[PDB]
């Protein structure tokens, strides 16, 4: 059988690294093939739900509209900063490994893996050392509601847009900045048009890979185990790939542009942004009810356990 798999990124990007590894495992261990569609190579979620696609990698930044609980990742300063700790969290969290698959199942998706890509970094037309610096800045967000609220809380004017629109928008001042992991900033050449990088440490770009649930459930026990085994292999490979990635990417950027500036928020400057976080958490709960409170409680507990 041929299994169609779509993701959000380009050749060599983090999602593609995961994809290619997944594909590789399946092909190496079965008679099956995985057909991977990169960005633009085809609404990938719609296409998965209606069964055109078997697998899809979509980030909560988008999925958060359809699956409100997925917005949890956009609560600033909830997630740790340390790669090692984040990795431990993803491996061991019941929120991630037990609860979220339940939540996705409600939408007819079989959540296979959630994984981090990189720490979020702000880019803009100036350094941003304080919420005040955000004032009257149109900052692009991915298209989920909580994420807009986050940026509003930070003092910006959130402008949610599809990825396709971002480079151009920056270039002609439709937007004043955006947020993304460094590897994407680099691979996407965003630094060319948004040269001031600020490390706010407010969170991580994360993503998820899943299967159409009917498809998955429709597979033989053997093929199910294959898929699981492949996801585990891809995860492992991808985690190895991201170690040192941000550091390499930043070097790449510095090599490419003399105009790039890097601002790293100190502990004091961080607390100021952190002051804005609780209001976002409150909104999250108002969006997701008791089910949401339960997830958040587990999330926080999980975090505590790895720290």
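Positions refer to the first chain, counted from 1.
Quiz prompt | Gap size, residue 263 back to residue 262 (deposited sequence, no coordinates) | solution = Nothing is missing.
Quiz prompt | Selected stretch [higher average CA B-factor]: 138-146 or 156-164 | solution = Looking at the record's C-alpha B-factors, the answer is 156-164.
Exercise. Averaging only over Cα atoms, indicate whether 19-27 or 6-14 has the higher B-factor in the PDB entry.
Key: 19-27 has the higher mean C-alpha B-factor.
Quiz item: Based on the PDB record, which member of 35, 269, 246, 54 exhibits the highest Cα temperature factor?
Solution: Result of the comparison over 35, 269, 246, 54: 269.
Quiz item: Hey, out of 186, 117, 222, 236, whose CA B-factor is highest in the deposited coordinates?
Solution: Result of the comparison over 186, 117, 222, 236: 222.
Exercise. Sorting the chain's modelled residues by C-alpha B-factor, tell me whether residue 250 ends up in the lowest, middle or highest third.
Key: Within its chain, residue 250 is a lowest-third residue by C-alpha B-factor, going by the deposited values.
Practice problem: Within this chain's modelled residues, let me know which third the CA B factor of residue 192 belongs to: lowest, middle or highest. | Solution: Its C-alpha B-factor belongs to the middle third of this chain's values.
Self-check item: Where the record places residue 296 (Cα B-factor, split into thirds across the chain)
Solution: Middle third, going by the recorded CA B-factors of the chain.
Quiz item: According to the PDB entry, is the CA B factor of residue 242 in the bottom, middle or top third of its chain, that is, lowest, middle or highest?
Solution: It belongs to the lowest third of the chain when residues are ordered by C-alpha B-factor.
Practice problem: Ordered by C-alpha B-factor within the chain, which third holds residue 174? Give me lowest, middle or highest, please. | Solution: Answer is highest: the recorded C-alpha B-factor places it there.
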